[PDB]
There are 2 protein chains.
Amino acid sequence: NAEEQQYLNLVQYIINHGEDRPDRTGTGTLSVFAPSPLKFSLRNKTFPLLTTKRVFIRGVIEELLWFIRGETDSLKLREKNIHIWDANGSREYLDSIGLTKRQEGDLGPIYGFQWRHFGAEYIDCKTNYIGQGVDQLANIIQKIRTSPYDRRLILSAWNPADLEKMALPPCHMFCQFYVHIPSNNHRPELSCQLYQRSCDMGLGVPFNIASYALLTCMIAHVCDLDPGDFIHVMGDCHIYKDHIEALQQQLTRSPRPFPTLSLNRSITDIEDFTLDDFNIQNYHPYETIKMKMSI
Amino acid sequence: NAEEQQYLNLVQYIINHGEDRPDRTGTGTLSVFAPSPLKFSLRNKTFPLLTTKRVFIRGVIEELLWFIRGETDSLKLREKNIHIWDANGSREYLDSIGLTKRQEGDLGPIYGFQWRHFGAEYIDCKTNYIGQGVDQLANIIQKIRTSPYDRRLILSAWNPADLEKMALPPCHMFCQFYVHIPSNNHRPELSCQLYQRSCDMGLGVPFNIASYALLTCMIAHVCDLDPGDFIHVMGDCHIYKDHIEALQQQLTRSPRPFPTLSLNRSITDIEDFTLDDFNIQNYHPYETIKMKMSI
Ligand SMILES: Cc1nc2ccc3ccc(CNc4ccc5c(c4)CN([C@@H](CCC(=O)O)C(=O)O)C5=O)cc3c2c(=O)[nH]1
Ligand SMILES: Cc1nc2ccc3ccc(CNc4ccc5c(c4)CN([C@@H](CCC(=O)O)C(=O)O)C5=O)cc3c2c(=O)[nH]1
Ligand SMILES: *c1cc(=O)[nH]c(=O)n1[C@H]1C[C@H](O)[C@@H](COP(=O)(O)O)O1
Ligand SMILES: O=c1ccn([C@H]2C[C@H](O)[C@@H](COP(=O)(O)O)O2)c(=O)[nH]1
């Protein structure tokens, strides 16, 4: 409600004050740099899925599960009717950035590969990288359980050495987790601060918010913690000019309270979650608003 | 002033509401996660060098220049009578973290090495790394002069694959630059958003604020831009206990206006700056306050 209003207020702010700038995708964008971070409480099982707009949660979970497996083949998502990566993985796109010998769908060493094998030599999206590079995610879980107050709980996909091999350099670049000391005598809280260098407010941001709120909830669950807060920090925060009209109608809408999230099945290893382990109760959004990706 | 007040209000807030938590150094700390970012305007040549406590700006400049040369030998700083890195480079500390074969002073592939040679194989602090790895800094300067509105102007020292080799993992992890469109008809401004995963509010933060304001001014200067804003985002923001004493009073001192900075001699290349090229004027801080480091 008020939390969702933050997002809506940022959208209105960019519409009314964003700088008009030239985009690589030819389309126009209104943009603001370093706006105040968005904050979402994950307490009481609350889950930050926007209500003023239908948010396809299934694809969010599938993408996260795919990242966790260290996968980089977009066909794995396409096989499940998730097409967000089809454009950046297309033969045409790949050739436009000089990746003429990359099979279609092989996005390169993006999120998943960096999260699980940072530093490993990338070959293709069919190779088994077990044991290569550093498994940041496993390391984070292990540290949380061993020295939860550690100040190095970083999960990062930003690898300068691999950028030229990626179909798209990471937008959600890195996040930091923090375990809070027990309030009163409750279960410790796990918070997450995400830094996103480039944020497509109309299309991407709602999914990214959900994505990290889920990840935080998953790692909290597997570590016997309760989820605390999700903090979304943004660099170039923008709106594609062909989304304005639609956002302005979304802006006339009133936020309903967020749904809740229950992690069922009692999963105990981050790698064990599956689509059906996620229980989102009481999600009642307004209709869906069509917002086309600008590739 | 009001800008310096942000810092002061944060110090006091941590003193009063910060979580008490065990530290690796053994000392205790008061800490808060993801407090509101501090923002500093670099317009009108304003340089955010704290006045409520004399900041060793010569040490700030020399460390920055050392970072830019891609240096990792703390002795280079020691020769100039700058000692902040001596402890982390000592035989004792080095061995304490398992670097028993590392020569004293050889910090490993930290900041400067990552900035100019990300991904290169680190050997020691006396090896010539020219041409190895990714020169993020040169790439940023070239992108600004080529396609300023690029959303990928990132400078990062966070390299999971090299963390174990570092005497200390990066505190100021990465920053993102943003070139604003011209306002009215004045020269475009360059802004910088820094993400610091762990901030020693008492000792480090004032130096880091100064350090990144300087870098921003330097890149802008060589790219024919004017400086815009410096935004400091923080993860685990803390105060060391053995520092609270010397900080509660600093909170009694009223902030004077910040000095100004002029970069002269017409340096036109980022690797050409030297100490005398920095002209900090009207810097008049209160007495210097002794604050011990926690190895
Ligand atoms: C310009 C631009 N390009 C992108 C390229 C790749 C992306 C990959 C992931 C995400 C964020 N994550 C998800 C995860 C799942 C879905 C969606 C986004 C969008 N989505 C659409 C349909 C996808 C389609 O447009 O092809 C829907 O309305 O539900 C999902 O199923 C955003 C982008 C952007 C993006 O936001 N903007
Ligand atoms: C616990 C802790 N450890 C650190 C380890 C390495 C660091 C490297 C750089 C900076 C930030 N940059 C500078 C750059 C120059 C100076 C100082 C800090 C501190 N300083 C001291 C003298 C050096 C000393 O402490 O030995 C002074 O009070 O003038 C300077 O000359 C902070 C740390 C911290 C830090 O702030 N805290
Ligand atoms: C690290 C280096 C710097 O430039 N600035 C800082 O404030 N610090 C501080 C943070 C922390 O107190 C200590 C590093 O400890 P850790 O790696 O976070 O565990 O130095
Ligand atoms: O999870 C994601 C991935 C991408 N983007 C958007 C941001 C940009 O509009 C475009 C990436 O383009 P560059 O910033 O790299 O140009 O995709 C997001 O918002 N979220």
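Whatever order the structure lists them in is the order used to number ligands and atoms, beginning at 1. Reminder, nothing fancy here: chain letters follow the sequence lines and each chain counts from 1. Values below: every heavy atom of this structure, side chains too, minus hydrogens, waters and symmetry copies.
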| query | Just checking, is any N or O donor in the side chain of B:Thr52 or B:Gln250 under 3.5 Å from an acceptor N or O on the other one? | reply |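 Looking only at side-chain atoms, B:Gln250 and B:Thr52 do form a donor-acceptor pair, the distance falling under 3.5 Å.
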
Check: [X] side chain, [Y] main-chain N or O, donor-acceptor pair, under 3.5 Å:
| X | Y | answer |
| --- | --- | --- |
| A:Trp66 | A:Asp73 | yes |
| A:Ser96 | A:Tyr93 | yes |
| A:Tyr283 | A:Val55 | yes |

Between ligand 3 and the protein, which N/O pairs fall short of 3.5 Å?
| unit_1 | atom_1 | unit_2 | atom_2 | d |
| --- | --- | --- | --- | --- |
| ligand 3 | 4 (O) | B:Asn208 | ND2 | 3.1 |
| ligand 3 | 5 (N) | B:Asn208 | OD1 | 2.9 |
| ligand 3 | 7 (O) | B:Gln196 | NE2 | 3.2 |
| ligand 3 | 7 (O) | B:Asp200 | N | 3.0 |
| ligand 3 | 12 (O) | B:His238 | NE2 | 2.8 |
| ligand 3 | 12 (O) | B:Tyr240 | OH | 2.8 |
| ligand 3 | 15 (O) | A:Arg151 | NH2 | 3.4 |
| ligand 3 | 15 (O) | B:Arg24 | NH1 | 2.7 |
| ligand 3 | 17 (O) | A:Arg152 | NE | 3.2 |
| ligand 3 | 17 (O) | A:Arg152 | NH2 | 3.0 |
| ligand 3 | 17 (O) | B:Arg197 | NH2 | 2.8 |
| ligand 3 | 18 (O) | A:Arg151 | NE | 3.1 |
| ligand 3 | 18 (O) | B:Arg197 | NH1 | 3.0 |
| ligand 3 | 18 (O) | B:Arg197 | NH2 | 3.4 |
| ligand 3 | 18 (O) | B:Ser198 | OG | 2.9 |
| ligand 3 | 19 (O) | B:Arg24 | NH1 | 3.2 |

Salt-bridge present ([X], [Y]; N to O < 4.0 Å):
| X | Y | value |
| --- | --- | --- |
| B:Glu287 | B:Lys53 | no |
| B:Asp95 | B:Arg102 | no |
| B:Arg151 | A:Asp23 | yes |

| field | A:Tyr111, A:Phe207, A:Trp85 screened by side chain to side chain contact (heavy atoms under 4.5 Å, CB included) with A:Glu63, the one that passes | value |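 Of all the options given, the one that passes is A:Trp85.
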
| Under 30°, 30 to 60°, or over 60°: which ring-plane class applies to A:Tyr178 and B:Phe33, parallel, tilted or perpendicular? |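 A:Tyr178 vs B:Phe33 ring planes: parallel.
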
Do any nitrogen or oxygen atoms of ligand 1 lie under 3.5 Å from a protein nitrogen or oxygen, and which ones?
| unit_1 | atom_1 | unit_2 | atom_2 | d |
| --- | --- | --- | --- | --- |
| ligand 1 | 12 (N) | A:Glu63 | OE1 | 3.4 |
| ligand 1 | 36 (O) | A:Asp200 | OD2 | 3.3 |
| ligand 1 | 36 (O) | A:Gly204 | N | 3.1 |
| ligand 1 | 37 (N) | A:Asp200 | OD2 | 2.6 |

